[PDB]
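**Q** Before we start, here is the structure in question, set down as structure tokens.
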Amino acid sequence: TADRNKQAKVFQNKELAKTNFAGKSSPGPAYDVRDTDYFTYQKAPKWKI
Amino acid sequence: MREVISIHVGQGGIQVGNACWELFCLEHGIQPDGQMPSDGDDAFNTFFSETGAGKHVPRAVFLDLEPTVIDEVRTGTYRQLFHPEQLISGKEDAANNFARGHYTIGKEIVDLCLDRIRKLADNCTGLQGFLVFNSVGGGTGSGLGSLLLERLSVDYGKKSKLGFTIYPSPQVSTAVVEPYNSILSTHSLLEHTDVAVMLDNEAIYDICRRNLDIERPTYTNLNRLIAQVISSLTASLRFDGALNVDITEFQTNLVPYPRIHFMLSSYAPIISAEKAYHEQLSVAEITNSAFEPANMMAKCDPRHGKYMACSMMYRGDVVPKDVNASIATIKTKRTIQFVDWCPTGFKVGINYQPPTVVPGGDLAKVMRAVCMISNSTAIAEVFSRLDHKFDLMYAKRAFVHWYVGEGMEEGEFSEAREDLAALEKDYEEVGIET
Amino acid sequence: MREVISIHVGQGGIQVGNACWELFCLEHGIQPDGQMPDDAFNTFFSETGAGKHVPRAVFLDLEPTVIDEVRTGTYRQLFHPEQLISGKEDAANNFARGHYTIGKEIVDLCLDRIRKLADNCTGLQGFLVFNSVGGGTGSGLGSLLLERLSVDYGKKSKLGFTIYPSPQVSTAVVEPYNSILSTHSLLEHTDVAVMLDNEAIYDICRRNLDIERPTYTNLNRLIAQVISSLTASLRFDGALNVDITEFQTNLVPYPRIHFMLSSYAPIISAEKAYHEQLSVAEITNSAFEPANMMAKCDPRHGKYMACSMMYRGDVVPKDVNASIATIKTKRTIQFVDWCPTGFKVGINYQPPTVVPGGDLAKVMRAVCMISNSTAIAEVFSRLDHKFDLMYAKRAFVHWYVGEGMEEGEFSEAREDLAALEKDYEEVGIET
Amino acid sequence: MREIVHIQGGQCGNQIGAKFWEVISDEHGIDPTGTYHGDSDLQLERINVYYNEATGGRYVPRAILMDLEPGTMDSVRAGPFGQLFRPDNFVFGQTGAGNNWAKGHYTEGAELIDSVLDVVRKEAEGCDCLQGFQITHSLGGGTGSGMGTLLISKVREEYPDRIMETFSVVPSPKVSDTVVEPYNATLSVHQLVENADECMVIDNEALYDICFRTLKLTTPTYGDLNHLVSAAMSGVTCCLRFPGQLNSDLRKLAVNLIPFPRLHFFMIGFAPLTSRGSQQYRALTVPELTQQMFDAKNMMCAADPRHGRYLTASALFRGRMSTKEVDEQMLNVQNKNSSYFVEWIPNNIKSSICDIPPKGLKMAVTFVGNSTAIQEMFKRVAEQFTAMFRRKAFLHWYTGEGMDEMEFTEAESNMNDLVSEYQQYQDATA
Amino acid sequence: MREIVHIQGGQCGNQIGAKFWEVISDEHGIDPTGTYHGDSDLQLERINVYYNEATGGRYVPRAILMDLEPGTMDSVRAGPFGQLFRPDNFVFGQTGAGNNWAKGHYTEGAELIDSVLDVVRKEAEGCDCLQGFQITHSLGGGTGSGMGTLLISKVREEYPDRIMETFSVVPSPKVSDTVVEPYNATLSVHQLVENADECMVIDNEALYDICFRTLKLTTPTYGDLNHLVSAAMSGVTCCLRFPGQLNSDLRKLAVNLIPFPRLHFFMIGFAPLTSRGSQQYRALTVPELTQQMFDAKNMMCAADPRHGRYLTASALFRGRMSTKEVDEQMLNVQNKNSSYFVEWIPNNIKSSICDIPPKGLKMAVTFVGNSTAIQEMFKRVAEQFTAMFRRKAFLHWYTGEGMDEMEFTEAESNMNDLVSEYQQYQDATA
Amino acid sequence: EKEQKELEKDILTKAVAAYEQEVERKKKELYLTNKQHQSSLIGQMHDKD
Amino acid sequence: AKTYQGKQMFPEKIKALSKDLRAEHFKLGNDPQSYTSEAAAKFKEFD
Ligand SMILES: Nc1nc2c(ncn2[C@@H]2O[C@H](COP(=O)(O)OP(=O)(O)OP(=O)(O)O)[C@@H](O)[C@H]2O)c(=O)[nH]1
Ligand SMILES: Nc1nc2c(ncn2[C@@H]2O[C@H](COP(=O)(O)OP(=O)(O)OP(=O)(O)O)[C@@H](O)[C@H]2O)c(=O)[nH]1
Ligand SMILES: Nc1nc2c(ncn2[C@@H]2O[C@H](COP(=O)(O)OP(=O)(O)O)[C@@H](O)[C@H]2O)c(=O)[nH]1
Ligand SMILES: Nc1nc2c(ncn2[C@@H]2O[C@H](COP(=O)(O)OP(=O)(O)O)[C@@H](O)[C@H]2O)c(=O)[nH]1
Ligand SMILES: [Mg+2]
Ligand SMILES: [Mg+2]
């Protein structure tokens with residue numbers, strides 16, 4: 001009384017690595033990391049005339 | 001296949017994270033450069049990740065807005081250990097202003113931090129939970145802790161998060177504004193942390209003075225003690241034991257109601273090498289020293305209230321029969337009493353890996369040790385004194401403008417004090433008998 | 001039997017062609033002189049009969065400087081000397097000059113050279129065209145060449161790698177005009193177009209490669225790497241091959257929609273490269289994460305239509321399929337309702353090569369991505385707004401009028417852009 | 001033929017089985033690689049009871065190891081005789097239940113039981129003529145106490161006529177390790193009483209007491225407790241595998257030990273037990289075997305049998321002995337303690353003899369006693385349960401995934417009703 | 001004798017043949033140079049079924065390889081056993097289809113197929129007494145999915161009485177590699193159902209659960225896939241090539257499997273499959289083998305066979321066995337699982353026995369099952385195809401060279417009618 | 001009959017023993033490949049600085 | 001930097017203790033036993 005899906009749950013050995021590090025993927029690409037180099041380097045000057 | 005992610009925010013958090021990461025590399029035999037020396041597996045997978053060939057990467061993140069400590073870490077002896085860009089630094093510190101760390105500048109660092117959290121969490125499959133380290137008496141620490149807890153609670157959901165917070169001592173203090181952000185932070189974390197532990201400094205000072213015979217302690221010794229407590233707690237995950245205990249097996253045993261999740265710990269034995277070998281250090285003696293109120297890691301007197309629960313982790317070569325016999329004597333003793341609806345209140349864990357020593361440290365080789373975490377009604381006194389100090393300050397509205405001018409609205413203190421009162425009433429109504 | 005012809009026009013096109021040709025020769029082991037010290041170069045070169053090899057490329061420009069530096073550079077002996085068309089007078093960012101006055105005397109010679117190249121060719125799969133869009137010469141000559149090739153050869157495939165002006169970074173002050181004009185020209189004539197604006201590449205090289213001081217050379221190196229990862233499958237054996245013809249059957253739902261944006265992974269310096277495993281899951285997650293997009297666009301504001309990914313190295317198909325399942329499980333990336341699966345995957349065995357003195361490190365596993373998504377409308381919208389701002393007062397228009405093309409042509413370009421925006425909006429809604 | 005299949009879940013049951021299989025393998029002369037090296041022909045005819053033959057001439061135990069945490073059986077594999085177990089019979093999750101009956105019975109267990117039910121159907125269905133099933137589990141833990149009884153019920157619907165035996169470790173308040181034991185123990189026994197044909201109760205407190213007083217060894221261990229329970233288990237089914245004067249199998253035991261269908265909670269004891277310092281002074285005789293049988297301290301349950309009256313008794317003897325002093329001493333013991341035997345069931349002791357003893361002991365005894373003394377365990381666990389429940393302590397964990405307090409109230413009511421019905425017969429007179 | 005010619009087209013089919021020929025050469029003991037080096041005399045009695053004889057004592061396969069791009073042919077020629085193939089039989093185009101069904105069926109196929117038809121006609125007339133044709137191809141690729149079907153129609157129009165067999169690979173939604181799969185899949189099935197005598201559906205994802213679960217190997221590969229599929233296809237016709245207790249050929253299977261002319265779509269399975277690490281624990285017996293091929297896991301298809309009912313089943317055994325326990329297990333399993341077996345066609349299992357096992361194995365079985373579960377693939381394909389077609393996406397490519405949406409509508413309607421007519425018998429009652 | 005039954009043992013044992021070495025050698029060679037590859041970035045570091 | 005240095009520090013004990021925990025520690029009686037059937041000793045061939 002077993003189907004193809006829901007059967008891969010059973011753990012066997014360390015080959016679950018290829019199939020389950022993204023179980024609870026902690027969302028993804030929802031965060032903005034554009035132009036965040038502002039902290040690593042030093043910012044260029046910005047002066048009034 | 002079991003992993004857990006560690007977060008360090010604030011100067012105290014950084015200085016305790018580096019301390020615990022020395023001990024953990026020391027225990028796993030990994031050299032400071034991270035390379036495996038010389039030439040039993042998967043004992044480092046709990047806190048490390050393999051690069052495919054050679055060294056290991058710790059599963060930790062370091063956050064700070066004032067980059068002096070981070071620069072020191074990046075120029076220190078562990079330069080090759082940490083990922084070069086997970087030691088995230090800002091440009092201006094919060095300067096002990098909770099509004100600054102929660103509304104002004106932390107919003108621009110939190111996104112990158114959460115991106116890093118994603119890049120670490122995607123590499124784990126059996127994520128047991130999160131550990132967070134932060135001092136409560138610091139503006140950036142409290143603010144970033146609150147923001148991270150809020151974001152992670154909605155982004156992840158049901159995962160366990162454990163807070164090793166350092167409350168200010170009742171009369172010994174470093175700053176003058178810390179009660180404000182302490183109350184605000186505890187308000188923030190009450191509905192967001194599954195477990196929080198007390199780590200005020202004065203109790204550790206007293207322990208060091210009494211047993212370690214150090215008349216002049218510093219932050220290094222306190223950090224080493226906290227690191228040893230962490231190692232004792234987490235040894236069960238990465239070492240086989242007769243009665244293993246997982247992180248998920250805490251909120252089912254130690255927190256009788258959702259609102260009550262603040263606990264206080266102790267460690268034993270605490271002793272120096274020049275006197276450690278002088279005594280047998282039996283299991284009964286160490287377990288009595290554990291319940292010795294003066295050995296509380298938080299300066300809160302258990303004799304002033306009832307106990308709800310106690311979870312004790314033994315490491316070494318203790319025997320379950322001996323642990324049970326000692327628990328029987330503890331039950332027999334009359335100076336310690338439990339709440340009526342809790343006849344049995346002990347959770348026990350055992351592990352074989354003896355505690356490791358840090359050379360040049362203060363501890364010695366002891367073949368037995370025990371760390372206890374207790375939930376008892378006595379913890380309400382620190383909340384009471386903190387509320388009184390906050391009321392004294394808010395009577396004249398002192399220092400309020402420094403928070404008002406940062407965009408944090410005036411009425412915010414009101415519901416914080418109300419929630420503190422509600423928690424105190426909750427403890428009072430729990431502590432009564434039926 | 002498999003070969004493809006490359007066309008370079010404009011200074012940007014030439015400086016990208018030079019970069020791709022260093023990489024091509026170093027990948028195939030051909031010395032700068034062209035002498036080799038079984039047949040994989042037939043895609044890009046042709047045997048001279050005895051000894052050296054000649055590229056299957058043509059270079060065009062109206063200002064003699066860049067052709068002169070090429071002809072005095074270390075690659076004097078490589079190219080066919082009469083295939084480097086050099087002019088006398090620059091069009092000077094003026095689209096009208098390059099499309100109505102000086103392009104007419106260029107186009108006949110250029111087509112003669114292309115025909116001479118094609119007669120040697122036997123299994124022509126198609127043409128690649130390289131041209132900066134913010135320049136009059138590039139835009140006008142690209143319009144003319146595509147217009148003539150579309151009628152001369154017909155169904156042969158052409159791929160255009162245009163470098164669009166950045167949303168707010170730009171060098172000239174008249175580039176919106178000729179950019180819009182070139183868009184109108186190429187919309188109904190180019191099979192596939194790839195966006196390559198400079199600002200996103202600046203951001204990438206700043207963040208990942210960790211150089212606080214790159215120039216155009218690094219940008220060209222990255223573009224060359226992308227092209228090589230694109231065309232590896234035509235000349236290297238793989239477990240799953242792809243041809244250039246297998247893009248207009250997979251990436252263009254409708255004939256109007258053929259603009260895509262690219263990405264590459266992993267981009268990392270040698271100081272931190274192998275200190276992490278750089279496995280397939282990490283590289284393909286970095287690929288879909290919004291920062292590594294070669295175009296200054298955010299996919300999160302729109303739906304995805306079709307993603308085509310090529311992997312090279314020792315990648316395992318089971319690795320890539322496990323990544324794809326997790327990506328489809330992912331929530332933030334959302335596809336259009338009328339496409340349950342939109343992934344085309346290709347695999348090649350030959351790992352990417354490294355140019356000596358370069359910036360990138362060598363790794364076994366690399367991925368190059370071409371994505372068609374509904375979010376591309378924002379660059380068109382902002383370019384349209386910039387165009388309307390300056391056309392409101394007829395600024396600079398007299399220069400274009402005084403070259404001989406009429407007044408009205410701007411109106412049709414504006415209407416065509418409006419139609420394109422409406423078409424994207426309509427295809428973006430769920431049924 | 002008439003063989004039985006072994007199934008265990010939870011780490012406690014896994015540890016119990018790890019020693020039961022070693023002791024049975026030592027009894028049958030099987031090396032850790034599974035190749036026969038016995039000396040007598042008697043060691044092979046009835047090997048079909050617990051083993052299956054495989055290519056390469058070796059034997060595989062018919063045991064199903066099922067759980068939700070991989071570490072425990074990943075460890076048991078590294079132990080001695082860990083290579084006998086077939087890899088495909090290991091079934092386990094990745095999350096675990098964290099000592100939560102509701103989690104182990106509703107959320108993860110309901111999904112996971114598919115594969116373990118399939119493999120149990122495999123092994124029970126391959127057997128020539130099935131005799132029954134036996135399970136070993138502890139009732140102090142959420143996952144074991146929940147998923148074990150769920151699978152118990154599920155097997156019960158599909159095989160109503162077969163015999164079912166359960167080896168249940170119930171929490172003793174004197175030595176407790178967890179604060180949520182009463183809740184899961186009550187919730188689990190609620191279904192267990194409705195389904196299990198036989199349930200033998202085992203008490204860690206009583207095993208510790210036995211090791212302290214009888215063996216007089218300084219430091220008892222989990223291995224010691226496992227060995228005691230293993231010998232006790234072996235003594236029950238020894239006569240099924242070896243010839244004897246009077247064959248007596250599980251069905252006969254069930255017929256002769258249970259007066260009423262809801263009275264199937266027994267206590268078992270083993271003999272002889274002595275300090276190996278006192279081995280020389282021992283005189284192995286049937287009267288000594290019986291006096292160590294009926295000793296209160298020999299029992300592995302904390303319930304004092306002299307606090308109630310025996311309903312039925314059953315004795316299994318191993319070794320070569322004559323029925324004379326067997327029946328005579330049994331009758332003498334029955335007459336000498338008449339007040340402790342309820343009167344309307346005269347001649348309330350079953351006796352069985354098998355002439356093949358366990359390895360090491362010339363003569364041995366397994367004792368099973370149905371008495372009213374077990375009511376005190378249920379009374380004390382119910383007192384703990386109501387002390388927990390009147391304040392709604394530790395409740396929202398169980399309520400957070402579909403179970404309500406109605407099931408708790410029904411479970412406690414059913415437990416109290418069973419206790420009342422059990423002690424009703426204690427004062428019954430004719 | 002009663003020989004069959006082999007023909008393949010497309011990349012997937014070429015890769016399939018590259019290993020099918022290699023494995024059959026191993027079975028008959030032929031070196032890569034085409035010179036016999038076998039040990040048994042039986043290996044050469046029936047070599048004419050697949051091999052033609054040339055001067056010098058060498059053999060050549062009667063295979064016809066067709067493709068639209070010479071890269072795959074040049075890669076397969078340089079591979080092991082790549083020299084067996086006659087250079088004349090290779091036919092390839094210079095442009096390719098580009099996964100466009102219209103391109104691979106209309107615009108260039110009519111021009112290219114004349115030569116391959118001439119060569120296959122020459123091969124057909126050359127052989128003594130033709131038995132039929134077998135084809136291997138994938139339905140996810142344009143050139144294969146179009147050329148194979150058009151060639152099927154042409155060959156049927158010339159040989160109305162010969163047998164037709166196809167190994168068709170279908171695109172499952174879980175492992176999708178090209179976005180235009182539903183279009184050419186539906187177009188191909190429309191034509192295929194009209195002429196093919198037998199079609200066996202093959203899914204990568206089913207193969208893949210098999211390779212991860214049973215073999216437990218870490219890194220699967222296309223070579224391993226081709227090995228499994230080639231063993232499966234060799235098993236069906238082994239009995240045609242070798243003696244046995246009960247001979248049964250393709251015509252036998254055709255008569256015994258399809259109750260109605262349009263229900264000729266099967267799934268196949270091979271046994272035994274075991275991990276090399278567990279090869280020593282497992283015991284090769286007939287009951288184990290029969291449960292093994294009747295497992296839903298080992299099935300080569302994504303469909304779940306317990307979601308429907310079997311029309312009929314057939315099993316081919318390889319190795320030295322008696323018919324007793326074979327037929328006994330067939331009757332036993334038909335009695336045990338009567339719910340999953342339709343009732344108005346009693347005794348719906350075919351058994352065939354061949355006395356020679358495959359090299360390296362003592363026992364082997366190939367199972368072919370006609371069951372109602374196949375409807376799910378066509379259903380999901382229909383949903384995807386209509387989700388594509390309702391918005392008219394990707395249509396102008398097909399329309400630009402003579403095809404119109406009327407043909408797509410007819411294909412969808414015909415396939416839906418096939419699904420409805422096929423599920424009709426699922427609930428039919430006597 | 002019992003003779004071939006006893007005979008099969010050593011075939012099975014030698015087969016599994018051989019397969020274990022195949023398992024080990026693959027890991028060993030991939031370790032060396034990753035080692036030389038990482039050491040190649042050492043020359044890359046020197047070239048860059 | 002004063003406090004925190006790279007230091008030299010350098011499972012058999014764990015394995016020994018683990019097997020000790022599972023060990024017997026009291027064994028059983030000493031073996032005088034030899035297998036023999038009950039109904040076989042009484043019934044023997046006679047001259
Ligand atoms: N136990 C312990 N507490 C510390 C240590 N360093 C700082 N603290 C506590 O932290 C509180 C203030 O926060 P800090 O850690 O100094 O700095 P911060 O958390 O980053 O907050 P800011 O000072 O605003 O940047 C003080 O009240 C101290 O009690 C330490 O090394 N050990
Ligand atoms: N990425 C990249 N962009 C370039 C390069 N060279 C020029 N461009 C872009 O091209 C735009 C102007 O066109 P150019 O290529 O410079 O000049 P042109 O195409 O020859 O047209 P004319 O100036 O009229 O001769 C500038 O805004 C640049 O952004 C290059 O080498 N790399
Ligand atoms: N005899 C014996 N008892 C054990 C052993 N391990 C655990 N136990 C008992 O099991 C009880 C705890 O069970 P628990 O861990 O909650 O079961 P779980 O829910 O399956 O994890 C304790 O009271 C122990 O007395 C063992 O090796 N031998
Ligand atoms: N089993 C198997 N499948 C393959 C192989 N090569 C390709 N495929 C599958 O075939 C599909 C693509 O078919 P395609 O090459 O377009 O067929 P063609 O157009 O006739 O050459 C992919 O989804 C692959 O999964 C192989 O060697 N073995
Ligand atoms: Mg600070
Ligand atoms: Mg220019």
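Identifiers in this document derive from the order of the structure tokens: chains are assigned A, B, ..., residues are numbered from 1 separately in each chain, and ligands are numbered from 1 in order of occurrence.
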May I have the residues within 6 Å of segment 190-199 of chain D as a ChimeraX atom specification, using only C-alpha atoms and disregarding those fewer than 4 positions away in the same chain?
**A** /D:164-167,264-265,411
**Q** Using only C-alpha atoms, which residues sit within 10 Å of segment 125-127 of chain E once same-chain residues fewer than 6 positions away are excluded, as a list in words?
**A**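 Here the answer would be residues 1, 2, 3, 4, 5, 48, 49, 52, 62 and 119 of chain E.
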**Q** Report as a ChimeraX atom specification the set of chain B residues whose atoms approach chain G to within 9 Å, with distances computed over only C-alpha atoms.
**A** /B:19,22,26,29,31-33,40,72,76-78,220,240-242,317,352-353,358-360
**Q** Could you tell me, as a ChimeraX atom specification, which residues of segment 224-310 of chain E DSSP assigns to alpha helix (DSSP H) when given the backbone?
**A** /E:224-241,250-257,286-294
**Q** With only C-alpha atoms as the counted atoms, please give the residues lying no more than 9 Å from residue 89 of chain C, apart from itself and same-chain residues fewer than 4 positions off, as a PyMOL selection string.
**A** chain C and resi 62-64+102
**Q** Can you tell me which residues sit at most 8 Å away from ligand 2, counting only C-alpha atoms and all ligand atoms, written as a PyMOL selection string?
**A** chain C and resi 9-16+61-63+90-95+98+131-139+163-165+170-172+175+196-198+216-217+219-220
**Q** Write out as a PyMOL selection string each polymer residue whose atoms come within 8 Å of residue 256 of chain C, counting only C-alpha atoms; drop sequence neighbours fewer than 4 positions from it.
**A** chain C and resi 187-188+420
**Q** How would the residues just chosen look if you wrote them out with N, CA, C and O atoms as a PDB file, in the first residue's frame?
**A**
ATOM      1  N   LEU C 187      13.548  45.205 -33.909  1.00  0.00           N
ATOM      2  CA  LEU C 187      12.425  44.455 -33.354  1.00  0.00           C
ATOM      3  C   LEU C 187      11.893  43.424 -34.340  1.00  0.00           C
ATOM      4  O   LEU C 187      11.672  42.263 -33.976  1.00  0.00           O
ATOM      5  N   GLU C 188      11.690  43.821 -35.595  1.00  0.00           N
ATOM      6  CA  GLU C 188      11.133  42.939 -36.610  1.00  0.00           C
ATOM      7  C   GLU C 188      12.204  42.300 -37.483  1.00  0.00           C
ATOM      8  O   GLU C 188      11.889  41.776 -38.556  1.00  0.00           O
ATOM      9  N   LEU C 420       4.973  47.494 -27.889  1.00  0.00           N
ATOM     10  CA  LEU C 420       5.754  46.481 -27.188  1.00  0.00           C
ATOM     11  C   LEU C 420       5.388  46.429 -25.710  1.00  0.00           C
ATOM     12  O   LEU C 420       5.234  45.343 -25.132  1.00  0.00           O
TER      13      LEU C 420
END
**Q** Which chain F residues are at most 12 Å from chain B (counting only C-alpha atoms), as a list in words?
**A**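 The selection requested is residues 27, 28, 29, 30, 31, 32, 33, 34, 35, 36, 37, 38 and 39 of chain F.
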**Q** Wanna dump the chain E-chain F contacts at 10 Å for me, each residue with its shortest atom pair and the distance in Å to one decimal, counting only C-alpha atoms, ordered by chain and number, as a Markdown table?
**A**
| residue | atom | partner | partner_atom | distance |
| --- | --- | --- | --- | --- |
| E:276 | CA | F:16 | CA | 6.9 |
| E:277 | CA | F:16 | CA | 6.6 |
| E:278 | CA | F:16 | CA | 8.9 |
| E:279 | CA | F:12 | CA | 7.8 |
| E:280 | CA | F:12 | CA | 6.1 |
| E:281 | CA | F:12 | CA | 9.8 |
**Q** Could you give me the residues within 12 Å of ligand 5, counting only C-alpha atoms and all ligand atoms, as number ranges by chain?
**A** B: 9-15, 63-70, 92-98, 101, 134-144, 174-175, 178
**Q** With C-alpha atoms retained, write the just-selected residues as a compact mmCIF listing (two decimals), in the first residue's frame.
**A**
# COMPACT_ATOMS: atom_id res chain seq x y z
CA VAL B 9 25.48 40.07 17.47
CA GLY B 10 27.00 42.79 19.63
CA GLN B 11 30.46 43.11 21.11
CA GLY B 12 29.68 40.69 23.93
CA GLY B 13 28.22 38.26 21.42
CA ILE B 14 31.34 38.43 19.27
CA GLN B 15 33.69 38.02 22.23
CA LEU B 63 27.30 40.97 13.12
CA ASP B 64 28.47 44.37 14.23
CA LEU B 65 28.00 48.01 13.38
CA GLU B 66 31.24 49.20 15.00
CA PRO B 67 33.91 47.28 13.08
CA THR B 68 36.83 47.41 15.55
CA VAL B 69 36.20 43.91 16.91
CA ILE B 70 35.54 42.49 13.44
CA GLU B 92 28.40 53.74 12.73
CA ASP B 93 27.49 52.08 16.02
CA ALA B 94 24.09 52.40 17.68
CA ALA B 95 25.75 54.02 20.73
CA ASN B 96 23.47 52.24 23.21
CA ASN B 97 20.36 53.65 21.52
CA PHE B 98 17.70 50.99 20.97
CA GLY B 101 19.46 49.85 16.35
CA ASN B 134 23.66 39.10 22.35
CA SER B 135 24.08 41.27 25.42
CA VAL B 136 20.87 43.02 26.43
CA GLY B 137 22.56 46.12 27.83
CA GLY B 138 23.71 47.33 24.43
CA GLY B 139 21.77 49.33 21.91
CA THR B 140 22.90 47.62 18.72
CA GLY B 141 22.79 44.21 20.38
CA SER B 142 19.20 44.55 21.57
CA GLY B 143 17.97 46.25 18.41
CA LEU B 144 19.50 43.81 15.94
CA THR B 174 28.40 49.61 32.94
CA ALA B 175 26.00 52.09 31.33
CA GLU B 178 20.48 50.01 29.70
**Q** Enumerate as an MDAnalysis selection string the residues within 6 Å of ligand 4, counting only C-alpha atoms and all ligand atoms.
**A** chainID E and resid 10:12 15 99 138 140:144 177 222 225:226
**Q** Between atom 20 (O, counted along the ligand's line) of ligand 3 and atom CA of residue 66 of chain D, what is the distance, to one decimal in Å?
**A**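 Those two atoms sit 10.3 Å apart.
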**Q** Write out as a PDB file with C-alpha atoms, in the first residue's frame which residues come within 7 Å of residue 349 of chain C when counting only C-alpha atoms, dropping same-chain ones fewer than 2 positions away.
**A**
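Once everything was written out, this is selection_3.pdb:
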ATOM      1  CA  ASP C 237      30.784  16.601 -27.137  1.00  0.00           C
ATOM      2  CA  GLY C 238      28.351  16.466 -24.241  1.00  0.00           C
ATOM      3  CA  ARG C 312      29.879  22.828 -18.445  1.00  0.00           C
ATOM      4  CA  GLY C 313      32.314  20.632 -16.566  1.00  0.00           C
ATOM      5  CA  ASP C 314      31.798  17.491 -14.484  1.00  0.00           C
ATOM      6  CA  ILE C 347      25.373  19.824 -20.458  1.00  0.00           C
ATOM      7  CA  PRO C 351      35.387  22.833 -18.483  1.00  0.00           C
TER       8      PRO C 351
END
**Q** Nearest to chain D among B:323, B:370, B:400, B:61, with distances taken over only C-alpha atoms: which residue is it?
**A**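 Once distances to chain D are computed over only C-alpha atoms, the minimum belongs to B:323.
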**Q** Would you pick out the contacts of residue 362 of chain B at 8 Å or less, using only C-alpha atoms, so that residues sharing its chain but fewer than 4 positions from it are not included, and give the list as a PyMOL selection string?
**A** chain B and resi 212+221+272-273+358
**Q** So that I have them on file, write out the residues from the current selection with N, CA, C and O atoms, as a tab-separated table (two decimals), in the first residue's frame.
**A**
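What follows is the written file out-v7.tsv:
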chain	number	residue	atom	x	y	z
B	212	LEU	N	37.42	29.50	41.49
B	212	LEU	CA	38.61	29.56	40.66
B	212	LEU	C	39.76	30.30	41.34
B	212	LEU	O	40.87	30.29	40.81
B	221	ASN	N	37.62	35.02	31.12
B	221	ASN	CA	37.20	33.88	31.93
B	221	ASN	C	35.70	33.66	31.86
B	221	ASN	O	35.23	32.52	31.76
B	272	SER	N	40.14	24.45	40.19
B	272	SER	CA	41.45	24.65	39.58
B	272	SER	C	42.28	23.38	39.68
B	272	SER	O	42.05	22.51	40.53
B	273	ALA	N	43.27	23.29	38.79
B	273	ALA	CA	44.09	22.08	38.70
B	273	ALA	C	44.87	21.80	39.98
B	273	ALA	O	45.06	20.64	40.33
B	358	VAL	N	41.04	23.93	27.85
B	358	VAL	CA	41.79	24.88	27.05
B	358	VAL	C	43.13	25.13	27.72
B	358	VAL	O	43.16	25.58	28.88
**Q** For segment 35-37 of chain G, please output as number ranges by chain all residues within 8 Å (counting only C-alpha atoms; exclusion window: fewer than 5 positions along the same chain).
**A** D: 40, 42, 243, 355-356
**Q** Near chain E, which residues of chain A fall within 9 Å when you count only C-alpha atoms, and what do they look like as JSON, numbers by chain?
**A** {"A": [1, 2, 3, 4, 8, 12, 15]}
